[PDB]
Each structure stands twice: as structure tokens, then as C-alpha cells.
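Order of appearance sets the numbers: ligands from 1, and atoms from 1 within every ligand. Throughout, protein chains are lettered first and strands after them, A, B, ... in sequence-line order, and every chain is numbered starting at 1.
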Amino acid sequence: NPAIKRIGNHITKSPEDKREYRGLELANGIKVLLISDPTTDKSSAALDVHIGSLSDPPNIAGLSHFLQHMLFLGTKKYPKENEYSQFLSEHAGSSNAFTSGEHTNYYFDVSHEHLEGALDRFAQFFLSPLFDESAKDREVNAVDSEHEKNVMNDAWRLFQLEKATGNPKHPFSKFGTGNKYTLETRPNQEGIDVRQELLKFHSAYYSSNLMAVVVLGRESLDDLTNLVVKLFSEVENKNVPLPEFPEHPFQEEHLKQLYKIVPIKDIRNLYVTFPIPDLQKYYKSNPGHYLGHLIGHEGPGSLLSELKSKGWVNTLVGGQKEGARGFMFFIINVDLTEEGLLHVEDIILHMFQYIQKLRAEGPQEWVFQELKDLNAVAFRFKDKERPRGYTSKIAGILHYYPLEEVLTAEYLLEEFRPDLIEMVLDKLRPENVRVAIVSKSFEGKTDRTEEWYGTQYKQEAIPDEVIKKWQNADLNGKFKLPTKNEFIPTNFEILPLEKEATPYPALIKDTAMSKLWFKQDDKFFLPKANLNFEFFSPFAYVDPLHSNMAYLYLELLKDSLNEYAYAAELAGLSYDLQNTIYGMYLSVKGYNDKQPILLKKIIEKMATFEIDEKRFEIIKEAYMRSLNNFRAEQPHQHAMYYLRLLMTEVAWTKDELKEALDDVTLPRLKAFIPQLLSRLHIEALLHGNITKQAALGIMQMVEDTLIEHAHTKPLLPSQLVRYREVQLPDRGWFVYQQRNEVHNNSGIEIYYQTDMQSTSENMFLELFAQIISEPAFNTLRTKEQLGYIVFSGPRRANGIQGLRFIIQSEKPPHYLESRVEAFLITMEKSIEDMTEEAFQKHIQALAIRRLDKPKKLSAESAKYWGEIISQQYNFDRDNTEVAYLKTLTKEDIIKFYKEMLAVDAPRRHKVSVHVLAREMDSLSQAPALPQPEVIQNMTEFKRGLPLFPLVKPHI
Amino acid sequence: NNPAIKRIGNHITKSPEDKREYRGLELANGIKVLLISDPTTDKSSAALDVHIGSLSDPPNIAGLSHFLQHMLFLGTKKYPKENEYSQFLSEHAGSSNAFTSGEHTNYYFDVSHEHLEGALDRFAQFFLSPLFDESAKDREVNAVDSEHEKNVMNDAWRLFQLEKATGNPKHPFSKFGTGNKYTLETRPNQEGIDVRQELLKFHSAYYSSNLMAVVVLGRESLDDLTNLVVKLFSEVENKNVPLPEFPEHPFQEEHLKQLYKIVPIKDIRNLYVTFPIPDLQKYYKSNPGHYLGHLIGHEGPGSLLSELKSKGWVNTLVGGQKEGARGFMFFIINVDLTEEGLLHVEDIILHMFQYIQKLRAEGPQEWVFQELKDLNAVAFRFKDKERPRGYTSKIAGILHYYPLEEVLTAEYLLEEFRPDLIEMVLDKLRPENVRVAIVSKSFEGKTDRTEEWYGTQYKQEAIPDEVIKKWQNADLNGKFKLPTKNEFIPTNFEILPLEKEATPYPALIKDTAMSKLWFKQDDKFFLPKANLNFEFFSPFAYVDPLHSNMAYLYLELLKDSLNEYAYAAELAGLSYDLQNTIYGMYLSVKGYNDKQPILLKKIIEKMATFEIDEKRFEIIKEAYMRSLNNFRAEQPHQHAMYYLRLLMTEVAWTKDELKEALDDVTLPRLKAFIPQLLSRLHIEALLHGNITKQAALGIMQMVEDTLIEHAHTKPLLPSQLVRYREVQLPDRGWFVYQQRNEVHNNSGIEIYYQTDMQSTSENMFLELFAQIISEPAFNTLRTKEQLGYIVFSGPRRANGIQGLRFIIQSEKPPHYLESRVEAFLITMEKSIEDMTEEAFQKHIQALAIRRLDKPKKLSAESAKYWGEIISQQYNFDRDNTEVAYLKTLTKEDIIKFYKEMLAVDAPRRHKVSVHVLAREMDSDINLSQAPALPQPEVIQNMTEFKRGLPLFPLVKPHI
Ligand SMILES: C[Se]CC[C@H](N)C(=O)N[C@H](C(=O)Nc1ccc(C)cc1)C1CCCCC1
Ligand SMILES: C[Se]CC[C@H](N)C(=O)N[C@H](C(=O)Nc1ccc(C)cc1)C1CCCCC1
Ligand SMILES: [Zn+2]
Ligand SMILES: [Zn+2]
């Protein structure tokens, strides 16, 4: 009651938003946002502490992150560490947390009926945490797992490297994650009791005055107010001043510097950075957004367009980048072609020529107005967010914007401040640059090493003569400001729900050329539509060469349409175009208004587009590198890849694709395109703000454009062949072994093939998967410490299914095999032993997950598209399958496990892929395992086995 | 010495390569004999040819000679049983058949070499004391009616009889030789005619020893064979019947300068040009008709065909002499017609006369005669060993026309060049003596006559005198030239010594990404020949219907372009075959090894550097369209077999999908297809014959190098070498696919009981069951029940899978044939339970002998090896291994197998039936009881059927 310092005024929201909001500040300094949503299926809450890794002690790197893991381990009210995670698990809930440089964000979701119980357990960690000593070692191992994961990742390596080259005394040089060495090895050597320093950091930093709470529930604003005051007013206020970092981590000696970096993957990238003051305070005018929009533009006359025309770069990212409170960066990042790598100096001069063109032309009010207008449309028609992510996001935002501006924060622009644009543009000068080149061409030509990741690099000062050349850049006529964006939507009319509107997609067209599935949106009522097209051709995957040609065609087509499509993308109209094992896939999403205009341009271009020889050669080289770069992918990813090659009727390997790539000539590709488009079948899903007639009109326009320009004729029904899954023999065990040449970790996929999909088979497998899910994580990951990646669940491909296990470990694959088999026995035991009440809780947990309602149109369309791409067309699956699930007995699951999964099962169909670590050589009692049949040749393996039938559709 | 022998002939001229021994003699009763002693023979044979046929038929019974042929072999005084001869042959791995022509009735059998005396004794009784069992009368009439009814839907039998009906009706050549129900039952009953008494009248008047010729082939010596033939044939009654002669041509002045316009069954366009000629038989040592047929029928450069093709009128031509009877013959020039050719019949004929006049102007050529004589000498010397049954039948006929000493050289050796005789024959090839027939559907409803024996519709017109005058005054055409020296005539007949490392079966001598090469140097026949088989694999040959059409057109255009050049090689005993498959292309080169690499090189070069002539492309495309439509006029059982292959194979394009995609085949599309097809290949080859390992490797390298150079061929990935799988039928399932034949008023059916994947055991279970049921299936379904003209049973093998099949063509509905087959299977289940171990072991022994039967020519050996290669099983020693397993089999093992896989109540019964309805069809009696049959699942959509079933694995290779 007097526990409230102030209640905010109206929380500005979209007129389309039916959720109710209340902003307030508690007497202890906690900033609060309450969200009342009577329709919500899940309730949520988040707390964001404005303290992170930048506040870590110099002697303990990763302490803030360690505290994040340690904070949620029992309280005075709820002593058991498992209490919070167990309560959420029992009430269809989840939780997670993240530590950044200036924040530690904690969040959960729970069933709408259990918000008070979940929130009470959550609030206790900010009142009386116990920090349970029992879990210390495991958490250190969980922080060490997260770091060891990122070590071989090129992006994280680059992230730490930038921190290592600036002012060494600056908190920005800190290693924020931590690992075993920083949280255990070094403090033990140095005589640091980690527990007392953790407790000390918590006492010094965890103050209510630096905390922000967001709560979303079914309950009214008043009921939510009372509950938050009840649970959060007791949080201790220590009046901790908010840490600021006003000195830029890059001083005069850190400027006009050049870095030459060796990557893990075969990538060529150029990173251009300028230190800038913190622009956060200027958010109402956002001059960095204005400059990022122009420098990062991809339309005609853009910086990117000229760099592409010159054959130096393929992609560009430009704009402002966060630092911390007090410092920021302005970046211009490009990828490089082979020629671009030899013209780094010319690329930079071109970047400065474009910057100087912005100075010469001066700020543009019309550009600012367009950005403001698009942001207003984006805010008004924003998709409804999933509660968990929505509370977490707002909890962070509460620290930067007044209560009333919490939702409009990242959207609304108000005043045009040309002076501020000019101020920022004055910093984008050669005397203020930092340049980094990432290339394998630097291997063995570097003298320095970054300590955290092992990144090899060289530092050089940029010559004064190079700086002078950049300063004296002659004006380039190729650079022009963008023109008026003609894709800005204006028609937001929501068409009335038709008399014959359906709850699921209906087949409205069934011809030799096309199958058309349509549903007018009856849930979201936003002026948007999703238009999905699957184009089928036997010539898209007939051999590796054709598969390569299908890929290059679509990449060149997207490259050619880029300048035009970018304006549409800025205006909330996006598309995706990709090749498949059956043909092509096209998706058009966003505002329905200019949607037929973009679709028409894509179909026309598909059928009559010009191939630029220079682009062809550049895209072909990039595709070759992309294929090789798969060697640097994670061992578990490799395991999953080999199993797909093994189990599918036709599948071309990365090696067969790269070998056939050299035979792709420009004349061969020019003949391929009319061949591919000559005969097609189109299957579509048109879902959103559209009528039945408008849907038919869109499909007809796609057909007519292809018929006109490509002389498209339909395929015969006998030509519409889908690939089958390999039928494994009863009691058989096959193993396929390979080695990852990059990572020193093992990868494994174990697949227990069951049978063809059916209502019963799906539910037996899904309920077994539900039951084993939590124990698999608790046993294999938590207890046994097998590895970071421990996964179990149903595997579905080509109408067939089974149980799979995916594990990435430092331990050999043969050992992971015995541990999984050991676990299956423990699970057989666990089902025999479990109470009917515990069993019925598994049925209910599964039923809730299956009936989980899409919060946005794309999530609904994706569910319908899944039914279409599998040719099962079971749109009412969730209801029918849940109804069957509820009839299932504990005995039914025991019977199923005994026939299909048990080590001694008569119908056990086991296939394992073993991916060895780089250096690798070629507890519950584990059962006796048979000798596996080692697969030497994938072709002979497939030839020697039958192929399953394909699933009968739902008519 | 022996009084029963009138005379013994001198040396029977044979090839120096022929190890068989021959003896010619004439018996005292007038029987001309040839005895063949072959100690090597697996089967013994004998034939008797009576120099009396259909031309001697009485006007009261048309088909009486033919009816006698069927009635003679039904009971004897020594062997009273009606089926005694048939049973004896069936029990001793034998067979028999007979034919009646205009001037001959030829009877023949084959039997296991150990049972010649027993088979021959039963055979000889029919010429000593025949009975003609009154009980088999109606069943023989129905057999003759079946034969004719079958010929009724055949366009060639229609033409043959229409030719007989447009000559002098008073001439015996106009007679209907076959007979039918009407001439054998309907008519004699209405007229009070005694068919049996007229049958005996004819036999007693014509069947005389003085008009008979006997040939006997066996392992026995010439002396043992002499005694046996004298013993069995000297008692044949001599009635001194004079040999009928027909010296007046059935084509008299009023039958000349006549034009016929005929309606065919299939959509075919043909032109037939006929000239009456005197009987040239007596001139066999010079054979002027052969000389003239060789030039008029020539396909090389400057030929009549070449010009007719260039003009776009015809695709193919047949020219030469045609048999008539003793006293008359015909000279023919037959062509097929394009759409334009049909409108230029008058111009085609003028061109035929221009070529004929060019032969008159140039006069006979001694060098042409010498080439024909030289090729015939090579052909006679290196001839493959003939099957005994066909060899005895042929000689029995030949004995009536040539002296005993010339019976083998008869149809081979030319001696004297008689330019006067060539000139004499060429004088008859004139417009005033011409008969012209046009066959086209364009005449449908525009005809006024009907040939009553066949129902053929036609129109007759006299050719205008003005048209005859134009043909007589034909201006000389320079496009017509005589052929040049045939450079393909083989000269090198060296048999290369058998290499130290020569193998009994083909060995893999090359295993690369581009080619698998199987090689075997011949170690059996020692003739200067070799068979070169190439299978070219490409995923682009059958990817879709359009590509399948393009693969077909490419190869047809390629054979058309290479025709002029290949014809000279074909004349010189060097032939080739080039055809598209569901996996790519198939090329086979056979004959004399000498100029073999030269022809192969030209084919590969042409394949890779092919320039398509637009005019040919359009002509060949139209002919392919008609060929696809023409399948509707194919027999109902052929349709049934076709639908089952479509149903059971993973990928298969229908005739309808092929014809629909044909209109999209443009010239630029075909020109892009060829480099695409040849860009990536895998070659699998079998080179077998008179060749060494090095020569084999040199041939393969030359094929590879030619493709690599001209087509830039690269190998296919091993994962791209995919073979099609067979559909895996569910346990206890029965599927039926039903269609209708719009042309024939007969039903067609194929029943397939799918068993399992091929293996040593599975193959032998199925093969032994097939062995046991074979003869009973024919005797029950065909002979007793009278189901149809076509009754077949045996193992069905496709894509590594197998089963039992039944193929039947009947006038009865397919669901009735179904019940009868199922009743038969029960009778067979019974028969195996009942049979003695001795009878069972006789089945094992009969199968083992058939499986171990040695190939008798190189092509038969290569075909066996090629079967192992095309199936990718490579089990060249299969026969020995499989026979060894077969001998271990028990009667119980077969009962178990039948009970699990084939029985109506079997737990693993996989039945699939194709039912092809007749044109006008709509869908106790002391007979075997048909079981209760389930309701079949009717296949409506072939695609849905395949999608809903699993696919079998592919068979693991031996090598
Ligand atoms: C997803 Se890639 C699109 C590449 C496009 N060429 C580009 O540069 N776009 C700008 C952009 O995302 N820049 C950005 C984002 C994050 C950071 C850390 C820094 C810069 C925007 C232009 C519209 C106004 C806002 C920015
Ligand atoms: C088999 Se298709 C080859 C068609 C070739 N264009 C051609 O006419 N060749 C002549 C031929 O078969 N004519 C023939 C055969 C049978 C009868 C009843 C009538 C004529 C022969 C040429 C060598 C000398 C002997 C004949
Ligand atoms: Zn963490
Ligand atoms: Zn007959």
C-alpha cells in the first residue's frame, strides 16, 4: 500500500493490443510493469538486475555469470534446490536466465492457474537465497561447458579478440563467461574462497534500486499490483550507484590500428569500427539509426551496390553497435571475395567516399520521416509475443526508458535532429578507424595469440599515407541517396470473415499443375498473410550437378532481385527462396498490401532473369567454400548429417556436390533453368488476411506467369515421387563411423526405428519420449557428466519414426552407447515402478504441449505447412492424437518398449552414427551389447535392404 | 547288298568344320532318306515330309490336308492309345509338331538321345497303320478353328489369302488351305458329307511312300541308323502317286495391271508390288532370283531404297523372289510408306522401274555373282550347329528338290554365272505384268469387296494404260548406281590359340569408374566369330517420358543414318543391334571378328558426332507415334504382360505417357539431349569369342577413347548406378488390375504368385514346382478344359525377385480362368502328395538335364553370360551349384514351400492378376472343384498402389 513510491501514467501501447498495462515504482526502488491478459495460456515473470560481467572482480573472471547459476539453488522458505525447477515442471512451466555485461536477467513461464506459487518461489531468491554449497562443482562445470562450447565458434572468438586489443585497464577487456580455470583452478591456487567472494558480490551489487520486475498473468491489474507489492517490497535497498563506463575502451593509441586474424572456417571478412559516444540518450531522434539505414542500405546507389559491382563484397552490415553505458561503436562489416581480399584499401576508400557524400548532401528530413512512418506501422501491427520472452525483454528495457515508454521504446522516433546526425557523421573519419581482416591467408604469418579462445592474430599501425588517401577521397558519382520507398504499406483493411471460412486450411484447387490450401485468418486479425509455394521438378535433385545448379540458380536470382527486394524487406514484406530435394520453396510473408506486386516480380524474374557472368563466378566460389566449411561444423551436427544420408533413398553427399561443382558452367546453367521450369507441380498454402477469391487469383497469377514466360506444363502424377526411408531388419544393429577433423569432441546419433506413422504409433513413441525426457537430462547430462549436448526425442522422416539420442562428448562413442543402453534399463524399471498419478501427469504434460496455441500467424502457418510438406494433411491432428493419448495405459507403454526398444526386443531396429574426435583413436549397469554391423559403403547398405511404403494422406 | 534299299547315295557334301556324319539313300518303296550320326547330340530327331498339301485339297472340304495332319497322329494298331506318342515324348524330354503347306505335310519330333528307337517306332506306325480316332474329331476341328481364328486378326495372313483370291479362281492356288469350323463341321453337315470317309479317301489316295522323305538324327552310327530306318520305313505302301505340278501361272493376263486398295487392322501404310514369274527352282546352281533380289533389295549407296528414303517416301524395302508352287513363282518389291509416300505411289513405282531399267542397261555383273558365291561359301563353311528338330524337318523338305549329295549345300552354294537367266527373269519385271496393292486405313469405308475367308475389306481397279505407259517410258535416273566392292567381306578366319590364362567362364578384366569388362575367349566352338555386348548406363535415358522418347528417337535416327554403311557389313556376316533400355542404351555387335573393330568404331564415332537430318527426324517421329498407337492392336495376353511390368517395377512410363510427351520432342530439344545423355556414362561389357585378353582390352579402350574425345564423357558416381526394385506384395493379398483390348474379342490374363528374393534354395523350390506342373498345366488347362490357344506356366524373374506365373488367352472371362487355375493348383497339391519317389526323382532328373544342357552355338553361350551380367548376379557357375542343391530336395520340401507360398490358404500368398477384357466382354460338368476365392483389391491408380507398398532390396552380386 504505502509500499508504492509512484504509479506511472498511461503505458502507450498499440490500439491493436488488448492486454492491459500498469507501470509503477516500489518504495525500495524496484521498477515494475504489470501485464493483465485474461486469454493467456501461460503466465510469466522476469527480474533484471542492472549488474553484469563488467562489474566482475579482476581476480574472478565470470563471477556475475557464476552468481546467476548459484542464485536459484534454494531459499529460507523453500530450502530444496529442485523446488523451483520441480514446481515449474509439474505446472507446464519453464525457466532460464542470462548474464550480459551490465545485466543479469531471470525469468519463468507457468500455467495461468499457478502464477502466485511460481512467483512466490521466484521472489524468495531476492529475499533469502541459500546459495546451496552442494551444487558448486556442477555449476562451475555448467559455466565451463558454456565456454568450451563457444571456444571453436568464430563469432565468440572475434567478440573476445576485440576486447583484448583496447585499453587493458578498461572493464571492456574482461572475460565475462568464466570457465573451470577462472572459477576453480586459479582461485584455489591464489587462495580465494569463491563462496565468500560470490556472497560479497551479491551483498554489494544485488540491490532493489538496480532491479526491474515484469509480471504477466490472467489476473487483473489490481490483483497483480497487490501480489508484486506483497512479494517484492521486502527486497533490501542498498542504494548501489549504477556503474557507468564514460571512457571509451579505445583511446588514441588504439586508433588507426590494423588486425590480421586467422579464422577456423574458411571465411573472408572485413570489420571497420569507429569509437563513438553513447547515443542512448538521443533515442527520440536516434541519429545512429538514420546513419545505419543509409550506410547499411542495399537499394540502388548504395555503398553495397558499388562494392558488389566492383566484385569485392557480397554482403554488408552497417550501423551503431552497443558498448556499455558511456561508450558505443559505429561499424561497417563486409564479407570478401578473392579480389576484395586484395583490395581492402580500395573498399575502405569507397566506404569513406559514401560517408563524404552524406556530409555533402546533408541530413534528409524525408528519410527520417520514412523511418518514423515504418516504425509506427511496425509498432501498431506487431505480432503478439510469447509471454516468457516478453517479460524478460521488458525487464531489461525498464532500466533505459520512462515507465510509459516501455513498449514504444525501440519503435517510436519523434524529432528530426539534423545537428545530431552531423555530430555522429563527424566521428566517421580515417583518423578514428580500427580495421580487422579475417582470412586463412594469414595462417603462419601472425605473432600474437588471444588467451581465452586461442585466436591467432597480428597487429600493425595503418600507414599515415593510407590515412591521408582515405581523408582525401575524391567524390564518387556511383553513390546516390535512396529514392522514396514505394513498398510502404497503406492498406490495413482487415477483410470480413467469409460465410464459408474454415477452422483449418481447405483444398480450394486440385489440378494437374496445382494443389491450393487456403485459410482466412480467424485469430490474429493483423493486415498480413503468409504465402507458401512448393515447386516440384524431377530435375532439381536428379544428380549432384542438377542439385548444384538448382542452388546456384536461386542464389543468383536472390542476388539479382536484392536491390528491389530490400525496400520491400524494410517495409515489412519479406521472402525466402530455397532449393529442396524435390524442387524449390518460395515463401512470401508480411503486409498483404503490396504482397501480389513482390510475388509477381519473383515469378517473372524466375522465368526471364539475366545471369551476370561476374556474379555467377563469385557465387560459385562462395558455394564451394560453404561446402568445404561443413568440415568445421560440430561433431553431433555431422552425426545427424550422416544418418540422413544413410536412411533416405536418394541423398547426395557434400563431397559429391563439390566434385560436380567444377562442371557447372554458365551455358550449362542457362540450359538448366528452362529445363527445370518446363514441367512443374505447385503445392501452396495461402494463410492470412485474404479471401477465397483473392487466394485463387494469387495461385492463377503464379501459374499464368510461369505458363507465359517459361512455357510450364504440368507433371504426370506418376512423376510426383517422394523419397522412402530404409527399412532396417528386426534385431539388427548397424554402425557408421567417421571422424571430425576440427573439433576434439565426439558426436553420436542413435536411432531406434519403430514403424510407419499412425495415431497409435505416434502416441506410444511420444508418451515414451515424454516419460524419459527429464530423466535423460538428469542422468546422462547432470549426473554422469556425459557432455553439454544430451538430447532424446522422436525422430520423424519420410513417413517413418523412431526414438533418437544425440550426444556430444569428450568420451568415445562406444562408451556413450553403453551409457544410453544402461539408461533404457533404468527407464524400463522407472515405468514399472511409477504410480498411476505420476503416469497420468506425463499424459497431461504431453497433452498440454501438443495443444499449445500459436501466438502469431507464422507459427500457425508453420504447423499447417508441416502437414502439407509431409503429405499427411492431418490439420486436426492435435485434438485426435491427444484424445487417443488419454486412453493409453502404463501396460501399453511397457508392451511397446518390450516389442520395439528393449535390448532383447524382437523388433529392435538400431542404427548408430559415430563421429570421432580429432585426436580420438579408431553407475547403473550397462547391458550386454551385440557386435554391430559396420557400414563401409552407404550404397551397398541401402541396396541390401527394403524400402518402406509412403504414408497414406488424410482425405 | 540289302534288297530293301533301292540305292545308296555318294558323299554328302558338308562343311570341313562339320563333325556330324551323313548318309543318303533311297528305299525300295521310293522313300528318300538322310541319316545324320552325331555322337555329341543331347537330343535325337526325325522328320517325315509328304509331298502333298493344301493345293491337293478336295473342293468339298477346304483344309482337308491340314485336318489329316491333325488326325494322322491319333492312334495306331501297334499303339492303340490316342496320346501314346505325345506321352512317350513328354516322358523322355521330347517334343513334336507338324505343318501343312501347299505342297507338303511335314511331321517331326525330338527326344532324349537314349530313346530314339522307341520314339521313331511310335512315329513310323502312323505311316503303316493309322486309326484316326472318331473321338478326337470335334477336338481337332476346334484346334483347326483356333489356328484359323488366330490368323484372322493377323495382317500378313489376310494379305496372303487376299493375294490367292485375286488370281485365277479356277487355279488350285486360290484354295483356302487352313480350314475352320464351317469347312470341317457346319458345311459337311448341311450337305450330308462324310468328313471321316472323305478324310480316309484323301489319305488312301495321296499318302504314298514314293512322295515321302525321311530324315533321322541320332548318336547311333550310320550303319545302325540305316538298319533302323529300313526296319521301320520299308513297309510303307507305294501307290505310285504322280507328283502334282502347277505349270499354268495363277496370274493370267486379266489378273495383271491390277490395283488393290486394302483396309488393315493395325495403322500401317504399305505398298506391295508383284510380278508373276516362271518357276526358277531348277536354276538353283546359278539362282538368278537371288542375284536380282540382292540388287533390287540392296540398301547401300545408289540403291533403290536410298533414293526412296531421300525423297521421303519409304523407310524400308524388301525385294526378291517368292515361292509359289511347282511351276510358278513371284518377284516382289515391298515398301512401307510415309504420309507423303501414300500420296506418291505412282512416283515410287516409276522409281522402281527406273532402277530395273538401269539393271537392263548395265547388264549382268560377274563380280556381283562372285561376291554372292564367296559370301555363301564362307556362310556354309562357318555355319553354327543347328537344333536337331528344325534341322531334320528342313532337310525332309529339301530331299524332294535336290539330289541326296546336295541336301546340305542346297541353299548355300552357287556354281555357274548364267547371265542369260538373269536377263530372262529381268524381262518379266515390266509394267505390263505388274500387280499393285496399297494397304492403308485411309481406305476405311471406301471399299466394295470382302475376302470371305478372313473378312478383309478391299477395292479392285484396273491400272490406267496411261500410268502403264509412263512406267514403260521411265527416264533414266542417275541416282541409281550398282553397289561397289563390299569391303566388309571377311578374309581372316584364323582361330587364335587358346591363351595360357584362358578361363571357363567370363572374367572381370577391367574394373574402372567408367567401365566393367567381362571377357572369355571361346574354348568350345572354334568358329571365327565374336559377340561384343555393351550396356551404356545413364540416369538421363529414362528420367521422364520425354527423355525416354528422346533416347528412342536418337537411336532410331542413328541406325537410319548408319544403314547404308551397315548393310554391306550385314551382308558380310557382321551384324549389330542398338536399342534404348530403362537404364540407358544397349549395343551388340555379332559375327565374323575380322572387320568387327572397324564397324564398332564407326558406331561409337557416329553416336558421339551425330548430325540429325530434320526430314528424317520428322519421318521417324511420326512412325514412332503410330508404333505407340499400334500397341492397341496387340494381343490381349501381350497387353496383360505389359500391365504387370508397369505395376511391379518401381519406375515405368506407359504408352499413353510416352505418346503425350512425344509432341514436345522438338529438333533443338533432341540436339541438346544427346550431349547431355553422353556427358556421364558407365559401360558394362561382355566380349566373348575368337579374341584374346589384349584384343578385348583394346576394343573397350577404343570405345572409351572415342566417347571421351567426341562427347567429353566422364564416369558416373557409384551411387548413381541405381537399379529398379520390385514392388513387395503383402502376405495374403490379392490385387487385380483390369483393362480392355479394343481390337481382339478374346480375353488375356497374367497371374503372378510372388514368392521371394532369388537365392539357391528359393530358385530350386520354384523351378522344381514349375517342372512338376508344366506338362499337367498344358494337358489340363489347354487340352482337356479347352481354355484357350495360349496356356503358359513357369517361373517369373524380374529385378532380383521371382514367383510363379500363368499366362492365358481365352474367349472365356478372366474371372473364370482364375477359378480354373486355382482348381488346377489343388489338383497339383494332390498330385505331389500322391506321386511315387521314383516319379518325383524323374522330375529332379528332367530339370537337372535341362539346366546342364550345353549351349550348341556361341550366341547361346554369350546370352547365358549376359543374363548374369544384366541381373548383376554374376553367378556364371550357377547351373552346377543349383543342380547339386536340387538333387538334395525332398517331396516334403516342395509340399512345405507350396503350403507357405502358393496354396489358396498360404500365410505368405502374394497374388497379383492382370485382367484384359475382350472387345465385346463386359465386367459340376465332371470338372475339378475350384476353391473359394477372396474378393480382390481392384487397382484403380498404379501410382497409389506402388506408394502404399514397400520395395524389395536388390540381389547381392556373386563377384
Ligand atoms: C541482418 Se543484415 C541487414 C544488412 C543491411 N545491409 C544493414 O546493414 N542493415 C542495418 C543493420 O541491421 N545494421 C546493424 C545491426 C546490428 C548491429 C550491431 C550493427 C548494425 C539496418 C538498416 C536500417 C536501420 C537500422 C540498421
Ligand atoms: C529381311 Se529385311 C532385308 C531387306 C532387304 N532390303 C532385302 O530386300 N533383302 C533380300 C530379301 O530378304 N528378300 C526376300 C526375302 C524373302 C522373300 C519371300 C522375298 C524377298 C535379300 C538380299 C540378298 C539376296 C537374297 C534376298
Ligand atoms: Zn551460464
Ligand atoms: Zn495345324
Are the ring centres of A:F329 and A:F172 closer than 6.0 Å? yes
Close-contact set for ligand 2 against B:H290 heavy atoms, below 4.0 Å: 24 (C), 25 (C)
Validation row, ring centre A:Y411 to ring centre A:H289 under 6.0 Å: no
For B:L317, counting its heavy atoms only, list the atoms of ligand 2 lying under 4.0 Å from any of them. 4 (C), 5 (C), 6 (N), 8 (O)
Whether the B:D336 and B:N270 side chains hold a donor-acceptor pair (N or O, under 3.5 Å, no angle test) is what I'd like checked. no
Short version for A:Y566: what comes under 4.0 Å of ligand 1, heavy atoms counted, is side chain
Hey, is ligand 2 close enough to B:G293 that some N/O pair sits below 3.5 Å? no
Evaluate the 4.0 Å heavy atom contact test for atom 14 (C) of ligand 2: does a protein atom fall under the cut-off? yes
Proximal ligand 2 atoms for B:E299, defined as those under 4.0 Å from one of its heavy atoms: 4 (C), 5 (C), 6 (N)
Taking the ring centre of each residue, are B:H351 and B:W313 less than 6.0 Å apart? yes
What protein heavy atom lies closest to atom 23 (C) of ligand 1? Include the residue and the distance to one decimal. A:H293 CA, 3.6 Å
Return a yes/no value: protein heavy atom under 4.0 Å from atom 1 (C) of ligand 1? no
Identity and distance of the protein heavy atom lying nearest atom 12 (O) of ligand 1: A:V317 CG1, 4.4 Å
Keeping B:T274 on the side-chain end and B:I332 on the backbone end, is there a donor-acceptor pair under 3.5 Å? no
So is A:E322 touching ligand 1 or not, going by heavy atoms under 4.0 Å? no
A:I331, portion touching ligand 1 at heavy-atom distance under 4.0 Å: side chain
Row for the Zn ion (ligand 4): angle OE1 (B:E147) to NE2 (B:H66), 10° precision, value 80°
Please report which non-hydrogen protein atom sits nearest to atom 17 (C) of ligand 1, along with the residue it belongs to and the distance in Å to one decimal place. A:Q320 O, 3.7 Å
Quick one: which of A:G318, A:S302, A:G296 has a heavy atom closest to atom 11 (C) of ligand 1? A:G318
Is there a donor-acceptor contact under 3.5 Å linking the side chains of A:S305 and A:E563? yes
From the options B:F109, B:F132, B:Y107, select the one residue that forms a ring pair (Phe, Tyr, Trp, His ring centres under 6.0 Å) with B:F73. B:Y107
Can you list the steps and then say if A:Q369 with A:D373 is a side chain to side chain donor-acceptor pair (under 3.5 Å)? CA-CA 6 Å; A:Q369 195 57 51; A:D373 288 351; 2.9 Å; yes
